[PDB]
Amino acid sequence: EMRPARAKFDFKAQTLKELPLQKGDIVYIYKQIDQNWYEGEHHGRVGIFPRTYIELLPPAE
């Protein structure tokens, strides 16, 4: 049920809840927490990042 996504831009974390991302990173989303933020994981670490900074990826064959 986790949704794959790829970062379209760098995202700098400014709070201890946020997950930093580098453009091109593949991340996995658990849920949407509010209008602007997803909660997800990168390399097993959980945090939040912006909806608009990622693209949702299609399923693998």
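Residues carry their position along the shown sequence, with the first being 1.
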### Task
Ordered by C-alpha B-factor within the chain, which third holds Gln14? Give me lowest, middle or highest, please.
highest
### Summary
Among the modelled residues of its chain, the C-alpha B-factor of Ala7 falls in the third labelled lowest
## Note on the structure
Tertile call for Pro50 (CA temperature factor, within chain, third-based) is the lowest
### Summary
In terms of its chain's C-alpha B-factors, the third that includes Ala60 is the highest
